[PDB]
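Only this structure's heavy atoms are used, side chains among them; waters, hydrogens and symmetry mates stay out. Here, residue 1 is the first one in the sequence, and each next residue gets the next number.
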Amino acid sequence: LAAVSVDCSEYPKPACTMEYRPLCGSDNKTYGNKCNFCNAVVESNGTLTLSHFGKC
């Protein structure tokens with residue numbers, strides 16, 4: 001069960017911009033921004049969850 005989440009409703013997306021607004025995944029990766037994160041949630045078939053906001 002997810003404690004926290006982001007809005008990944010409109011994903012997948014072909015590109016992201018490069019702003020550095022970090023998110024820490026449950027896989028212990030820091031994702032540079034929400035769009036990289038929500039791209040990875042989709043790619044992982046929803047196995048990826050958000051651990052917390054900010055860099056791991």
Side-chain angles (χ1 to χ4, degrees):
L1 294 189
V4 286
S5 62
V6 294
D7 196 0
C8 295
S9 302
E10 330 231 93
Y11 277 73
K13 300 200 170 182
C16 292
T17 56
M18 304 169 180
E19 72 211 64
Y20 177 75
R21 307 258 192 147
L23 289 174
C24 181
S26 61
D27 68 335
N28 202 31
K29 273 195 146 327
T30 303
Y31 291 90
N33 68 45
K34 178 192 170 177
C35 175
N36 290 290
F37 177 79
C38 286
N39 270 350
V41 173
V42 175
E43 279 184 57
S44 71
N45 236 254
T47 61
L48 183 61
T49 57
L50 185 66
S51 173
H52 61 80
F53 295 96
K55 63 257 269 160
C56 290

#### Entry: Taking every non-hydrogen atom, the tightest pair across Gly25 and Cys56
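Heavy-atom minimum between the residues: N-SG, 4.1 Å.
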### Message
Restricting to non-hydrogen atoms, name the atom on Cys35 and the atom on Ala15 that form the minimum distance, rounded to 0.1 Å.
### Response
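Smallest heavy-atom distance, with atoms named: SG-O, 3.5 Å.
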Can you name the side-chain hydrogen bond (donor to acceptor under 3.5 Å, both in side chains) partners of [X], sequence neighbours left out?
X     : answer
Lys29 : none
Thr30 : none
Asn39 : none
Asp7  : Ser9

### Distance, nearest 0.5 Å, that separates SG of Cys38 from CD of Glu43
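Nearest 0.5 Å value for the SG-CD distance: 12.0 Å.
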### Task
Check which hydrophobic residues are tied to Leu23 through side-chain heavy-atom contacts below 4.5 Å, counting indirect links as well, and list them.
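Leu23 clusters with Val4, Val6, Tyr31, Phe37, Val41, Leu48, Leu50, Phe53.
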### Co-members of the apolar cluster containing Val42 [side chain, <4.5 Å]
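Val42 shares its hydrophobic cluster with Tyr11.
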#### Entry: Donor-acceptor contact below 3.5 Å, side chain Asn36 vs main chain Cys16
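Looks like no, no N/O pair under 3.5 Å.
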#### Entry: With sequence neighbours excluded, residues passing side-chain contact (heavy atoms from CB on, under 4.5 Å) with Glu10
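Only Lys13 meet the side-chain contact (heavy atoms from CB on, under 4.5 Å) criterion with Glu10.
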